[PDB]
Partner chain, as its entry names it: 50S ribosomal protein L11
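Only one chain is shown below, in structure tokens, and it's the form deposited without the partner chain.
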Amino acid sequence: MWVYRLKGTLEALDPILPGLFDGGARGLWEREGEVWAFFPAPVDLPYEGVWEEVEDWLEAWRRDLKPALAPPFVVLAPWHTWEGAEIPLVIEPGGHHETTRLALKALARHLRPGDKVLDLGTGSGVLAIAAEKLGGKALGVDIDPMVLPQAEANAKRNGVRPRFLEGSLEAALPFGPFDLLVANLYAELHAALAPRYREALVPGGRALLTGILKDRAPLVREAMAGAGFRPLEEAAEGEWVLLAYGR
């Protein structure tokens, strides 16, 4: 669709808005000292502005996309430049959720070089990528077979090759037991899965569980308690926790 660009603010152009609306404006947006009026199609207007047209709401969003720090790691889109010593994780923004930040931190604390890692609900593959970069051998699984080529592409940009399979926990078990399990899921599913997490992990294995709302944390606490796990540490950020357990 088309936009009309006028000099000024909304308060200041309030008098010509009836002309925008009657002309066919369906949305307005004040972009700092200008007003962009969203039309479906162009009309004759005597206000002296500039007609324009908007796949363009993409490398506009992509321009406002910043690297996300989770020391020791930095999460970068493929087009970002970044110097220093953070461990880079190049991810197509096709993330910097709090829960991603929490999981990366905890992988860095808990992971030991050579550990076999299961990333459950791997998505973009970011946590399995991080784990290989700290020196593990990671398997990411996900039930959406359409995310896996995207996960393996992201692996390619990071010069590591964790394996990516379609399935949930059950699909992954033939390839364990594992030394670490990382899982950015949610409380009710962690609770439902707690006994099979025990089976997935070797004695002394660790499960790093996130995606959990502060409020809802007690569900997982009891389930992991129920399942014979020892608490190791709780991390938090905004309304999100990660709960870490030892087998």
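Positions refer to the first chain, counted from 1. By rigid core we mean the largest C-alpha set that fits within 1.5 Å across both forms. Shifts are known only where both forms have a C-alpha.
Not on display, but discussed next: the form deposited with the partner chain bound.
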Original post:
Wondering, does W57 line up within 4.5 Å of the partner chain in the bound PDB entry on heavy atoms?
Top reply: yes
Original post:
Should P46 be counted as a contact of the partner chain in the bound PDB entry, where contact means heavy atoms within 4.5 Å?
Top reply: yes
Original post:
Looking at the partner-bound form in the bound PDB entry, is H97 within 4.5 Å of the partner chain by any heavy atom?
Top reply: yes
**OP:** Indicate whether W61 is a 4.5 Å heavy atom neighbour of the partner chain in the bound PDB entry.
**Re:** yes
Original post:
Which among 129 to 137, 165 to 173, 82 to 90, 97 to 105 is in contact with the partner chain in the bound PDB entry, heavy atoms within 4.5 angstroms?
Top reply: 97 to 105
Subject >> Partner contacts for 13 to 35, taking the partner chain in the bound PDB entry and a 4.5 Å heavy atom cut-off >> reply: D14, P15, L17, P18, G19, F21, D22, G23, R26, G27, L28, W29, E30
Original post:
Is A192 one of the residues whose C-alpha moves 2 Å or more between the shown form and the other one after the core fit?
Top reply: no
Original post:
Superposing on the rigid core, is the CA of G49 displaced by 2 Å or more between the shown form and the other one?
Top reply: yes
**OP:** Take the rigid core as the frame of reference and indicate whether the C-alpha of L213 shifts by 2 Å or more between the shown form and the other one.
**Re:** no
Original post:
Once the rigid core is lined up, which stretches of 3 or more residues in a row have C-alphas that move 2 Å or more between the shown form and the other one?
Top reply: 1 to 54, 56 to 63
